[PDB]
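structure33.tsv follows; it contains TSV, N, CA and C atoms.
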```tsv
chain	number	residue	atom	x	y	z
A	1	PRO	N	104.29	104.49	81.53
A	1	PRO	CA	103.89	103.77	82.75
A	1	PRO	C	102.80	104.48	83.52
A	2	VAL	N	101.59	103.94	83.44
A	2	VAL	CA	100.41	104.57	84.01
A	2	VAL	C	99.54	103.51	84.69
A	3	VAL	N	98.77	103.93	85.69
A	3	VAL	CA	97.83	103.02	86.35
A	3	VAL	C	96.75	102.63	85.35
A	4	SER	N	96.53	101.32	85.21
A	4	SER	CA	95.51	100.82	84.30
A	4	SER	C	94.29	100.28	85.03
A	5	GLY	N	94.34	100.16	86.35
A	5	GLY	CA	93.21	99.60	87.06
A	5	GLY	C	93.50	99.44	88.52
A	6	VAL	N	92.46	99.54	89.34
A	6	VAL	CA	92.56	99.38	90.78
A	6	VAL	C	91.57	98.30	91.19
A	7	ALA	N	92.08	97.20	91.74
A	7	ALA	CA	91.24	96.11	92.26
A	7	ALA	C	91.15	96.17	93.77
A	8	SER	N	89.96	95.92	94.29
A	8	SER	CA	89.75	95.94	95.73
A	8	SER	C	88.79	94.85	96.13
A	9	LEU	N	88.76	94.55	97.41
A	9	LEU	CA	87.84	93.59	97.92
A	9	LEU	C	86.69	94.34	98.62
A	10	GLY	N	86.80	94.70	99.87
A	10	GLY	CA	85.76	95.47	100.52
A	10	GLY	C	85.89	96.97	100.38
A	11	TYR	N	87.04	97.45	99.92
A	11	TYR	CA	87.36	98.87	99.94
A	11	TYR	C	86.94	99.56	98.66
A	12	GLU	N	86.68	100.86	98.79
A	12	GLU	CA	86.54	101.73	97.64
A	12	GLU	C	87.87	101.85	96.91
A	13	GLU	N	87.80	101.84	95.58
A	13	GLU	CA	89.00	102.03	94.76
A	13	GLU	C	89.81	103.23	95.24
A	14	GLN	N	89.14	104.35	95.50
A	14	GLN	CA	89.89	105.55	95.88
A	14	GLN	C	90.66	105.31	97.16
A	15	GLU	N	90.09	104.53	98.08
A	15	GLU	CA	90.77	104.33	99.35
A	15	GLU	C	92.03	103.51	99.15
A	16	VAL	N	91.98	102.50	98.27
A	16	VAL	CA	93.15	101.67	97.98
A	16	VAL	C	94.24	102.52	97.34
A	17	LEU	N	93.86	103.34	96.37
A	17	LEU	CA	94.82	104.22	95.73
A	17	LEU	C	95.40	105.23	96.72
A	18	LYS	N	94.55	105.81	97.60
A	18	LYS	CA	95.02	106.81	98.56
A	18	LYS	C	96.08	106.23	99.48
A	19	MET	N	95.80	105.04	100.01
A	19	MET	CA	96.78	104.34	100.85
A	19	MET	C	98.03	104.00	100.06
A	20	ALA	N	97.88	103.50	98.84
A	20	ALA	CA	99.08	103.09	98.11
A	20	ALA	C	99.95	104.30	97.78
A	21	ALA	N	99.33	105.39	97.36
A	21	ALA	CA	100.12	106.60	97.08
A	21	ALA	C	100.74	107.21	98.34
A	22	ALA	N	100.09	107.08	99.50
A	22	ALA	CA	100.70	107.53	100.75
A	22	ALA	C	101.99	106.78	101.01
A	23	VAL	N	101.97	105.46	100.81
A	23	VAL	CA	103.18	104.67	100.99
A	23	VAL	C	104.22	104.99	99.93
A	24	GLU	N	103.81	105.20	98.70
A	24	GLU	CA	104.70	105.39	97.56
A	24	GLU	C	105.16	106.84	97.40
A	25	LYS	N	104.82	107.71	98.36
A	25	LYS	CA	104.92	109.16	98.19
A	25	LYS	C	106.26	109.60	97.61
A	26	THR	N	107.36	109.19	98.24
A	26	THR	CA	108.67	109.66	97.81
A	26	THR	C	109.51	108.58	97.13
A	27	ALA	N	108.93	107.44	96.76
A	27	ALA	CA	109.69	106.49	95.97
A	27	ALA	C	110.01	107.12	94.62
A	28	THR	N	111.20	106.80	94.10
A	28	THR	CA	111.69	107.40	92.86
A	28	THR	C	111.42	106.54	91.64
A	29	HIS	N	110.84	105.36	91.83
A	29	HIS	CA	110.80	104.40	90.73
A	29	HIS	C	109.58	104.66	89.86
A	30	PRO	N	109.71	104.51	88.54
A	30	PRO	CA	108.63	104.96	87.65
A	30	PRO	C	107.26	104.41	88.01
A	31	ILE	N	107.19	103.17	88.49
A	31	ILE	CA	105.91	102.59	88.87
A	31	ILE	C	105.32	103.33	90.06
A	32	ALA	N	106.14	103.54	91.09
A	32	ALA	CA	105.66	104.25	92.27
A	32	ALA	C	105.22	105.65	91.91
A	33	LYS	N	105.99	106.31	91.03
A	33	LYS	CA	105.62	107.63	90.54
A	33	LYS	C	104.26	107.61	89.87
A	34	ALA	N	103.94	106.52	89.17
A	34	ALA	CA	102.66	106.45	88.47
A	34	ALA	C	101.51	106.33	89.45
A	35	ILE	N	101.67	105.54	90.51
A	35	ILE	CA	100.63	105.47	91.53
A	35	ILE	C	100.41	106.85	92.14
A	36	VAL	N	101.50	107.51	92.49
A	36	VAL	CA	101.40	108.86	93.05
A	36	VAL	C	100.74	109.80	92.05
A	37	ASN	N	101.20	109.77	90.79
A	37	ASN	CA	100.65	110.68	89.76
A	37	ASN	C	99.17	110.45	89.55
A	38	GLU	N	98.71	109.20	89.69
A	38	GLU	CA	97.29	108.91	89.50
A	38	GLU	C	96.46	109.43	90.66
A	39	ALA	N	96.92	109.26	91.89
A	39	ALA	CA	96.25	109.87	93.01
A	39	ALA	C	96.22	111.39	92.85
A	40	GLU	N	97.31	111.93	92.31
A	40	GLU	CA	97.41	113.37	92.07
A	40	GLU	C	96.46	113.79	90.95
A	41	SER	N	96.52	113.07	89.82
A	41	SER	CA	95.65	113.37	88.68
A	41	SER	C	94.18	113.36	89.08
A	42	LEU	N	93.78	112.47	90.00
A	42	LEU	CA	92.39	112.32	90.43
A	42	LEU	C	92.05	113.22	91.61
A	43	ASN	N	92.99	114.05	92.05
A	43	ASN	CA	92.74	115.01	93.13
A	43	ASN	C	92.44	114.29	94.44
A	44	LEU	N	93.18	113.21	94.71
A	44	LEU	CA	93.03	112.47	95.95
A	44	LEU	C	94.04	112.99	96.98
A	45	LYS	N	93.56	113.27	98.19
A	45	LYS	CA	94.42	113.72	99.27
A	45	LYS	C	94.99	112.49	99.97
A	46	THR	N	96.31	112.37	99.97
A	46	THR	CA	96.89	111.19	100.58
A	46	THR	C	97.06	111.41	102.09
A	47	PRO	N	96.78	110.41	102.92
A	47	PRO	CA	97.00	110.57	104.36
A	47	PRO	C	98.48	110.70	104.71
A	48	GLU	N	98.71	111.32	105.85
A	48	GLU	CA	100.07	111.62	106.29
A	48	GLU	C	100.76	110.36	106.77
A	49	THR	N	102.09	110.38	106.70
A	49	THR	CA	102.90	109.28	107.21
A	49	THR	C	104.18	109.84	107.80
A	50	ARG	N	104.60	109.29	108.93
A	50	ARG	CA	105.92	109.60	109.47
A	50	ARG	C	106.69	108.28	109.53
A	51	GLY	N	107.51	108.06	108.54
A	51	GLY	CA	108.38	106.93	108.60
A	51	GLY	C	107.95	105.87	107.62
A	52	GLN	N	108.93	105.16	107.08
A	52	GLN	CA	108.67	104.15	106.07
A	52	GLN	C	109.87	103.24	106.05
A	53	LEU	N	109.61	102.01	105.60
A	53	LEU	CA	110.64	101.02	105.36
A	53	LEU	C	110.58	100.61	103.91
A	54	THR	N	111.70	100.67	103.24
A	54	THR	CA	111.80	100.25	101.84
A	54	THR	C	112.72	99.04	101.74
A	55	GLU	N	112.26	97.99	101.07
A	55	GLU	CA	113.04	96.78	100.87
A	55	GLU	C	113.25	96.61	99.37
A	56	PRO	N	114.42	97.01	98.86
A	56	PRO	CA	114.62	97.09	97.41
A	56	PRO	C	114.23	95.81	96.70
A	57	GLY	N	113.46	95.94	95.63
A	57	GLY	CA	113.00	94.80	94.84
A	57	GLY	C	111.86	94.00	95.43
A	58	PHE	N	111.33	94.41	96.58
A	58	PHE	CA	110.20	93.75	97.24
A	58	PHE	C	109.04	94.72	97.44
A	59	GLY	N	109.26	95.82	98.15
A	59	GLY	CA	108.18	96.78	98.39
A	59	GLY	C	108.51	97.73	99.52
A	60	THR	N	107.49	98.49	99.91
A	60	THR	CA	107.60	99.58	100.87
A	60	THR	C	106.44	99.48	101.84
A	61	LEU	N	106.71	99.83	103.10
A	61	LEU	CA	105.74	99.75	104.17
A	61	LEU	C	105.77	101.05	104.96
A	62	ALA	N	104.60	101.51	105.40
A	62	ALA	CA	104.51	102.71	106.21
A	62	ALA	C	103.26	102.60	107.06
A	63	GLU	N	103.25	103.34	108.17
A	63	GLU	CA	102.09	103.34	109.05
A	63	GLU	C	101.14	104.45	108.62
A	64	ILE	N	99.89	104.07	108.34
A	64	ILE	CA	98.84	105.01	107.94
A	64	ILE	C	97.74	104.99	108.98
A	65	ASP	N	97.50	106.13	109.61
A	65	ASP	CA	96.50	106.28	110.66
A	65	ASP	C	96.47	105.08	111.61
A	66	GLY	N	97.64	104.74	112.15
A	66	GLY	CA	97.71	103.77	113.22
A	66	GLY	C	97.81	102.32	112.78
A	67	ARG	N	97.83	102.06	111.47
A	67	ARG	CA	97.98	100.70	110.95
A	67	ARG	C	99.03	100.66	109.86
A	68	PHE	N	99.84	99.61	109.87
A	68	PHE	CA	100.81	99.43	108.80
A	68	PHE	C	100.12	99.00	107.51
A	69	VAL	N	100.62	99.55	106.40
A	69	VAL	CA	100.17	99.28	105.03
A	69	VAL	C	101.42	98.99	104.21
A	70	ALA	N	101.37	97.94	103.41
A	70	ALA	CA	102.50	97.50	102.58
A	70	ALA	C	102.08	97.49	101.10
A	71	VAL	N	102.99	97.93	100.22
A	71	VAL	CA	102.80	97.97	98.79
A	71	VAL	C	104.00	97.31	98.12
A	72	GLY	N	103.73	96.39	97.20
A	72	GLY	CA	104.83	95.62	96.61
A	72	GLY	C	104.35	94.35	95.98
A	73	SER	N	105.28	93.39	95.87
A	73	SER	CA	104.89	92.11	95.26
A	73	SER	C	103.91	91.35	96.15
A	74	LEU	N	103.17	90.40	95.54
A	74	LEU	CA	102.13	89.67	96.27
A	74	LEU	C	102.67	88.94	97.47
A	75	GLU	N	103.74	88.18	97.28
A	75	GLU	CA	104.22	87.34	98.37
A	75	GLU	C	104.76	88.19	99.52
A	76	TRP	N	105.47	89.27	99.19
A	76	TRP	CA	106.08	90.10	100.22
A	76	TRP	C	105.03	90.87	101.00
A	77	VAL	N	104.00	91.41	100.30
A	77	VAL	CA	102.90	92.09	101.00
A	77	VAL	C	102.18	91.09	101.88
A	78	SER	N	101.86	89.92	101.31
A	78	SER	CA	101.12	88.94	102.07
A	78	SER	C	101.90	88.52	103.30
A	79	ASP	N	103.21	88.39	103.17
A	79	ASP	CA	104.04	87.91	104.27
A	79	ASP	C	104.20	88.93	105.38
A	80	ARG	N	103.92	90.20	105.11
A	80	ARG	CA	104.17	91.26	106.08
A	80	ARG	C	103.25	91.17	107.29
A	81	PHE	N	102.04	90.61	107.13
A	81	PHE	CA	101.04	90.66	108.19
A	81	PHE	C	100.53	89.25	108.53
A	82	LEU	N	100.20	89.05	109.80
A	82	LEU	CA	99.77	87.73	110.26
A	82	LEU	C	98.41	87.35	109.69
A	83	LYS	N	97.53	88.33	109.53
A	83	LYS	CA	96.22	88.05	108.95
A	83	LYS	C	96.40	87.71	107.48
A	84	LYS	N	95.86	86.56	107.05
A	84	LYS	CA	95.97	86.08	105.67
A	84	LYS	C	94.58	86.10	105.03
A	85	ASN	N	94.54	86.31	103.73
A	85	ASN	CA	93.27	86.33	103.02
A	85	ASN	C	92.72	84.94	102.71
A	86	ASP	N	91.40	84.84	102.78
A	86	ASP	CA	90.67	83.65	102.47
A	86	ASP	C	91.09	83.26	101.07
A	87	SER	N	91.10	81.95	100.82
A	87	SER	CA	91.45	81.44	99.51
A	87	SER	C	90.48	81.96	98.44
A	88	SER	N	89.21	82.15	98.81
A	88	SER	CA	88.22	82.62	97.83
A	88	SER	C	88.51	84.07	97.44
A	89	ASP	N	88.98	84.88	98.40
A	89	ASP	CA	89.31	86.27	98.07
A	89	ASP	C	90.50	86.32	97.12
A	90	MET	N	91.48	85.44	97.29
A	90	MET	CA	92.62	85.43	96.38
A	90	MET	C	92.20	85.04	94.97
A	91	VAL	N	91.29	84.07	94.85
A	91	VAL	CA	90.82	83.68	93.53
A	91	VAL	C	90.07	84.84	92.89
A	92	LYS	N	89.19	85.48	93.66
A	92	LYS	CA	88.43	86.61	93.13
A	92	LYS	C	89.37	87.71	92.63
A	93	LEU	N	90.33	88.08	93.46
A	93	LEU	CA	91.25	89.15	93.10
A	93	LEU	C	92.04	88.78	91.87
A	94	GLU	N	92.59	87.56	91.85
A	94	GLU	CA	93.37	87.14	90.70
A	94	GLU	C	92.50	86.92	89.48
A	95	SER	N	91.23	86.58	89.68
A	95	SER	CA	90.35	86.43	88.52
A	95	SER	C	90.08	87.77	87.87
A	96	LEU	N	89.91	88.82	88.67
A	96	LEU	CA	89.77	90.16	88.13
A	96	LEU	C	91.03	90.61	87.41
A	97	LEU	N	92.18	90.43	88.04
A	97	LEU	CA	93.40	90.85	87.38
A	97	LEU	C	93.71	90.00	86.15
A	98	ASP	N	93.49	88.67	86.21
A	98	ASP	CA	93.76	87.84	85.03
A	98	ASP	C	93.03	88.39	83.82
A	99	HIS	N	91.97	89.18	84.05
A	99	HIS	CA	91.08	89.76	83.03
A	99	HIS	C	90.02	88.74	82.65
A	100	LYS	N	102.85	94.99	81.56
A	100	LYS	CA	101.85	95.15	82.61
A	100	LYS	C	102.23	94.50	83.95
A	101	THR	N	102.49	95.33	84.97
A	101	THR	CA	102.84	94.92	86.32
A	101	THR	C	101.67	95.12	87.28
A	102	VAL	N	101.64	94.33	88.37
A	102	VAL	CA	100.63	94.49	89.42
A	102	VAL	C	101.37	94.75	90.73
A	103	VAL	N	100.94	95.79	91.41
A	103	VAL	CA	101.47	96.17	92.73
A	103	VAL	C	100.39	95.89	93.76
A	104	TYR	N	100.68	95.01	94.72
A	104	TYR	CA	99.65	94.68	95.70
A	104	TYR	C	99.67	95.60	96.89
A	105	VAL	N	98.52	95.72	97.52
A	105	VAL	CA	98.34	96.57	98.68
A	105	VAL	C	97.77	95.76	99.84
A	106	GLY	N	98.44	95.82	100.99
A	106	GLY	CA	98.00	95.09	102.16
A	106	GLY	C	97.99	95.94	103.42
A	107	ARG	N	97.13	95.56	104.38
A	107	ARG	CA	97.01	96.30	105.64
A	107	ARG	C	97.00	95.38	106.85
A	108	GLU	N	97.73	95.75	107.93
A	108	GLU	CA	97.83	94.87	109.08
A	108	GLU	C	96.43	94.65	109.64
A	109	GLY	N	96.15	93.42	110.05
A	109	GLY	CA	94.84	93.05	110.55
A	109	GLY	C	93.84	92.65	109.50
A	110	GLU	N	94.18	92.78	108.21
A	110	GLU	CA	93.25	92.53	107.12
A	110	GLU	C	93.87	91.69	106.02
A	111	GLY	N	95.17	91.77	105.86
A	111	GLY	CA	95.80	91.11	104.73
A	111	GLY	C	95.73	91.93	103.45
A	112	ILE	N	95.67	91.25	102.30
A	112	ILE	CA	95.66	91.95	101.03
A	112	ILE	C	94.31	92.63	100.90
A	113	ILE	N	94.31	93.92	100.55
A	113	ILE	CA	93.08	94.67	100.40
A	113	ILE	C	92.89	95.16	98.97
A	114	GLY	N	93.87	95.00	98.10
A	114	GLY	CA	93.69	95.48	96.74
A	114	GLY	C	94.97	95.33	95.97
A	115	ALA	N	94.91	95.78	94.73
A	115	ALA	CA	96.03	95.71	93.83
A	115	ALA	C	95.89	96.84	92.82
A	116	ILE	N	97.03	97.30	92.33
A	116	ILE	CA	97.08	98.32	91.30
A	116	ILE	C	97.74	97.74	90.07
A	117	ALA	N	97.03	97.77	88.94
A	117	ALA	CA	97.59	97.34	87.67
A	117	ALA	C	98.27	98.51	86.97
A	118	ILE	N	99.49	98.27	86.51
A	118	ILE	CA	100.28	99.25	85.78
A	118	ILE	C	100.49	98.75	84.36
A	119	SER	N	100.54	99.69	83.41
A	119	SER	CA	100.85	99.37	82.01
A	119	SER	C	102.09	100.12	81.54
```
What do you get writing this file as structure tokens?
Amino acid sequence: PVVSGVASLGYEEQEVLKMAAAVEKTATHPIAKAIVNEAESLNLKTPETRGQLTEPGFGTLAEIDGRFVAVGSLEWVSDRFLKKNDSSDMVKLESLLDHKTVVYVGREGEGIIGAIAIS
């Protein structure tokens, strides 16, 4: 179980991974470990977090530098924040992923900002 790809919209790939690994820091599940290991393997410094919410089978949320960030399934990440992504952004993101699990990444005030493909 390893990261196979990082999809983003306006963000740098590294920024999406850094945020996702910050949220996934202490999750024990092999997928979360892989996101963390990839940020580690690439020598990425993850931002600090105090506090997190984990919803088993859905995802994990934590505040990163003053904004909440959620990592998990598409619907649960999308539902976490009032800001929703344009329909064209969803097509673009899904078109890239369509070309193995996908973990989505979202941020309050922005909606979905990226996704991590796992193999």
- May I ask which of the residues A:40, A:98, A:110, A:24 is the closest one to residue 84 of chain A, counting all atoms listed in the file?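 Nearest candidate to residue 84 of chain A out of A:40, A:98, A:110, A:24: A:110.
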4 Å per side around segment 29-45 of chain A: axis-aligned box centre and edge lengths, as lines of an AutoDock Vina configuration file:
```
center_x = 101.4
center_y = 108.8
center_z = 93.8
size_x = 26.8
size_y = 20.4
size_z = 20.3
```
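Using only N, CA and C atoms, the smallest distance between any of A:19, A:112, A:62, A:2 and residue 34 of chain A comes from A:2.
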- Task: Considering only N, CA and C atoms, return as a PyMOL selection string whatever protein or nucleic-acid residues lie within 6 Å of residue 8 of chain A, sequence-local ones (same chain, fewer than 4 positions apart) excluded.
- Result: chain A and resi 113-115
- Suppose you want the space between atom C of residue 36 of chain A and atom CA of residue 21 of chain A; what is it in Å?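 The value is 6.0 Å.
With distances restricted to all atoms listed in the file, A:73 is the closest residue to residue 59 of chain A from A:46, A:41, A:95, A:73.
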- Message: If we count all atoms listed in the file and set the cut-off at 8 Å, which residues sit around residue 67 of chain A, ignoring sequence neighbours fewer than 4 positions away in its own chain? Please answer as a ChimeraX atom specification.
- Response: /A:62-63,107-109
- Which of chain A counts as strand (DSSP E) under DSSP, as a PyMOL selection string please? chain A and resi 3-8+52-55+59-64+67-72+101-107+111-118
Would you mind exporting N, CA and C atoms of the selected residues as a compact mmCIF listing (two decimals), in the frame of the given file?
```txt
# COMPACT_ATOMS: atom_id res chain seq x y z
N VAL A 3 98.77 103.93 85.69
CA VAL A 3 97.83 103.02 86.35
C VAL A 3 96.75 102.63 85.35
N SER A 4 96.53 101.32 85.21
CA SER A 4 95.51 100.82 84.30
C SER A 4 94.29 100.28 85.03
N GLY A 5 94.34 100.16 86.35
CA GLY A 5 93.21 99.60 87.06
C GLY A 5 93.50 99.44 88.52
N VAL A 6 92.46 99.54 89.34
CA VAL A 6 92.56 99.38 90.78
C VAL A 6 91.57 98.30 91.19
N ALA A 7 92.08 97.20 91.74
CA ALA A 7 91.24 96.11 92.26
C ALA A 7 91.15 96.17 93.77
N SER A 8 89.96 95.92 94.29
CA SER A 8 89.75 95.94 95.73
C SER A 8 88.79 94.85 96.13
N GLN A 52 108.93 105.16 107.08
CA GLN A 52 108.67 104.15 106.07
C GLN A 52 109.87 103.24 106.05
N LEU A 53 109.61 102.01 105.60
CA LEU A 53 110.64 101.02 105.36
C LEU A 53 110.58 100.61 103.91
N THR A 54 111.70 100.67 103.24
CA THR A 54 111.80 100.25 101.84
C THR A 54 112.72 99.04 101.74
N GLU A 55 112.26 97.99 101.07
CA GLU A 55 113.04 96.78 100.87
C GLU A 55 113.25 96.61 99.37
N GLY A 59 109.26 95.82 98.15
CA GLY A 59 108.18 96.78 98.39
C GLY A 59 108.51 97.73 99.52
N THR A 60 107.49 98.49 99.91
CA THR A 60 107.60 99.58 100.87
C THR A 60 106.44 99.48 101.84
N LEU A 61 106.71 99.83 103.10
CA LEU A 61 105.74 99.75 104.17
C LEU A 61 105.77 101.05 104.96
N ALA A 62 104.60 101.51 105.40
CA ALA A 62 104.51 102.71 106.21
C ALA A 62 103.26 102.60 107.06
N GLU A 63 103.25 103.34 108.17
CA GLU A 63 102.09 103.34 109.05
C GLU A 63 101.14 104.45 108.62
N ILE A 64 99.89 104.07 108.34
CA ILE A 64 98.84 105.01 107.94
C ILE A 64 97.74 104.99 108.98
N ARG A 67 97.83 102.06 111.47
CA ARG A 67 97.98 100.70 110.95
C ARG A 67 99.03 100.66 109.86
N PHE A 68 99.84 99.61 109.87
CA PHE A 68 100.81 99.43 108.80
C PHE A 68 100.12 99.00 107.51
N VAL A 69 100.62 99.55 106.40
CA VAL A 69 100.17 99.28 105.03
C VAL A 69 101.42 98.99 104.21
N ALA A 70 101.37 97.94 103.41
CA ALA A 70 102.50 97.50 102.58
C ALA A 70 102.08 97.49 101.10
N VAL A 71 102.99 97.93 100.22
CA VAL A 71 102.80 97.97 98.79
C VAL A 71 104.00 97.31 98.12
N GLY A 72 103.73 96.39 97.20
CA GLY A 72 104.83 95.62 96.61
C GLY A 72 104.35 94.35 95.98
N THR A 101 102.49 95.33 84.97
CA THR A 101 102.84 94.92 86.32
C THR A 101 101.67 95.12 87.28
N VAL A 102 101.64 94.33 88.37
CA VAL A 102 100.63 94.49 89.42
C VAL A 102 101.37 94.75 90.73
N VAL A 103 100.94 95.79 91.41
CA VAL A 103 101.47 96.17 92.73
C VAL A 103 100.39 95.89 93.76
N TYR A 104 100.68 95.01 94.72
CA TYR A 104 99.65 94.68 95.70
C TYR A 104 99.67 95.60 96.89
N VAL A 105 98.52 95.72 97.52
CA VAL A 105 98.34 96.57 98.68
C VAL A 105 97.77 95.76 99.84
N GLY A 106 98.44 95.82 100.99
CA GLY A 106 98.00 95.09 102.16
C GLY A 106 97.99 95.94 103.42
N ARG A 107 97.13 95.56 104.38
CA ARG A 107 97.01 96.30 105.64
C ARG A 107 97.00 95.38 106.85
N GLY A 111 95.17 91.77 105.86
CA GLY A 111 95.80 91.11 104.73
C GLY A 111 95.73 91.93 103.45
N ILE A 112 95.67 91.25 102.30
CA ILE A 112 95.66 91.95 101.03
C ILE A 112 94.31 92.63 100.90
N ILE A 113 94.31 93.92 100.55
CA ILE A 113 93.08 94.67 100.40
C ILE A 113 92.89 95.16 98.97
N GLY A 114 93.87 95.00 98.10
CA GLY A 114 93.69 95.48 96.74
C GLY A 114 94.97 95.33 95.97
N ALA A 115 94.91 95.78 94.73
CA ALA A 115 96.03 95.71 93.83
C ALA A 115 95.89 96.84 92.82
N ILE A 116 97.03 97.30 92.33
CA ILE A 116 97.08 98.32 91.30
C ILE A 116 97.74 97.74 90.07
N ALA A 117 97.03 97.77 88.94
CA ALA A 117 97.59 97.34 87.67
C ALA A 117 98.27 98.51 86.97
N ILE A 118 99.49 98.27 86.51
CA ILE A 118 100.28 99.25 85.78
C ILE A 118 100.49 98.75 84.36
```
- Query: as a VMD selection string, which residues of chain A does DSSP assign to alpha helix (DSSP H)?
  - Reply: chain A and resid 13 to 23 30 to 41 74 to 80 87 to 98
- For residue 1 of chain A, please output as a PyMOL selection string all residues within 8 Å (counting all atoms listed in the file; exclusion window: fewer than 4 positions along the same chain). chain A and resi 30-31+33-35+118-119
